[PDB]
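First the structure, in the form of structure tokens, and then the observations on it.
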Amino acid sequence: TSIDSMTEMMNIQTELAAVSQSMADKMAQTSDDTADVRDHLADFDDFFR
Amino acid sequence: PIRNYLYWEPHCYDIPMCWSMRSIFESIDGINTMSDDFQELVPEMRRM
């Protein structure tokens with residue numbers, strides 16, 4: 001029974017690893033977009049600078 | 001239509017406030033994409 005529980009735990013750990021990788025990639029993309037926004041805004045207001 | 005003009009304008013960034021307005025609109029587009037990113041990140045937290 002303990003072996004069965006450990007096997008299930010390992011499967012859940014693998015799923016958690018996949019979730020973490022997906023979150024990291026999507027946050028990287030979000031940071032790229034936010035960096036684009038910040039670059040635009042910093043480049044903006046030059047008329048009002 | 002003015003925004004499309006700002007995007008298409010080659011001298012938008014040099015003389016006028018065209019660059020400021022165009023970059024404001026670019027920031028708006030990026031904020032929309034950031035909202036899409038939040039909508040993508042919500043299922044991740046759901047799965048966790």
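Each chain of the structure tokens is named A, B, ... in the order shown, its residues numbered from 1; ligands are numbered from 1 in display order.
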
Please provide as number ranges by chain all residues within 9 Å of residue 24 in chain B, with the sequence filter that same-chain residues fewer than 5 positions apart are discarded (counting only C-alpha atoms). A: 37, 40-41, 44-45; B: 19, 29

Compile a residue-level contact table for chain B against chain A at a cut-off of 9 Å, reporting for every qualifying residue the shortest atom pair and its distance in Å to one decimal, with only C-alpha atoms counted, rows ordered by chain and ascending number, as a tab-separated table.
residue	atom	partner	partner_atom	distance
B:15	CA	A:47	CA	8.8
B:16	CA	A:47	CA	7.1
B:17	CA	A:47	CA	5.2
B:18	CA	A:47	CA	8.7
B:19	CA	A:44	CA	6.3
B:20	CA	A:44	CA	4.0
B:21	CA	A:44	CA	7.2
B:22	CA	A:44	CA	7.9
B:23	CA	A:40	CA	4.8
B:24	CA	A:41	CA	6.3
B:25	CA	A:40	CA	8.9
B:26	CA	A:40	CA	6.6
B:27	CA	A:37	CA	4.6
B:28	CA	A:37	CA	8.0
B:29	CA	A:37	CA	8.3
B:30	CA	A:37	CA	5.5
B:31	CA	A:37	CA	7.4
B:33	CA	A:33	CA	7.1
B:34	CA	A:30	CA	6.2
B:37	CA	A:30	CA	5.9
B:38	CA	A:30	CA	8.4
B:40	CA	A:26	CA	7.6
B:41	CA	A:23	CA	6.9
B:44	CA	A:23	CA	6.4
B:45	CA	A:23	CA	8.6
B:47	CA	A:19	CA	7.4
B:48	CA	A:19	CA	7.0

Create the file for the chosen residues now, containing C-alpha atoms and written as a PDB file, in the first residue's frame.
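Result saved to again-v6.pdb:
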ATOM      1  CA  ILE B  15       9.023  66.011 -34.970  1.00  0.00           C
ATOM      2  CA  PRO B  16       5.517  65.731 -33.490  1.00  0.00           C
ATOM      3  CA  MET B  17       3.762  64.252 -30.483  1.00  0.00           C
ATOM      4  CA  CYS B  18       2.833  61.474 -32.927  1.00  0.00           C
ATOM      5  CA  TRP B  19       5.422  59.313 -31.184  1.00  0.00           C
ATOM      6  CA  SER B  20       3.936  59.994 -27.746  1.00  0.00           C
ATOM      7  CA  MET B  21       0.392  59.182 -28.876  1.00  0.00           C
ATOM      8  CA  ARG B  22       1.508  56.119 -30.854  1.00  0.00           C
ATOM      9  CA  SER B  23       3.453  54.778 -27.874  1.00  0.00           C
ATOM     10  CA  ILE B  24       0.425  55.375 -25.639  1.00  0.00           C
ATOM     11  CA  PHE B  25      -1.620  53.257 -28.047  1.00  0.00           C
ATOM     12  CA  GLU B  26       1.159  50.648 -28.124  1.00  0.00           C
ATOM     13  CA  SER B  27       0.975  50.557 -24.324  1.00  0.00           C
ATOM     14  CA  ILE B  28      -2.792  50.055 -24.623  1.00  0.00           C
ATOM     15  CA  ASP B  29      -2.190  47.106 -26.963  1.00  0.00           C
ATOM     16  CA  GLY B  30       0.377  45.709 -24.544  1.00  0.00           C
ATOM     17  CA  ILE B  31      -2.085  46.086 -21.670  1.00  0.00           C
ATOM     18  CA  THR B  33      -1.964  41.433 -24.234  1.00  0.00           C
ATOM     19  CA  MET B  34      -1.199  41.541 -20.496  1.00  0.00           C
ATOM     20  CA  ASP B  37      -1.645  36.806 -20.183  1.00  0.00           C
ATOM     21  CA  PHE B  38      -3.665  36.996 -16.962  1.00  0.00           C
ATOM     22  CA  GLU B  40      -3.768  32.413 -19.558  1.00  0.00           C
ATOM     23  CA  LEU B  41      -2.232  32.353 -16.065  1.00  0.00           C
ATOM     24  CA  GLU B  44      -2.337  27.520 -14.308  1.00  0.00           C
ATOM     25  CA  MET B  45      -3.283  28.495 -10.755  1.00  0.00           C
ATOM     26  CA  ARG B  47      -4.461  23.381 -12.045  1.00  0.00           C
ATOM     27  CA  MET B  48      -2.088  23.982  -9.124  1.00  0.00           C
TER      28      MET B  48
END
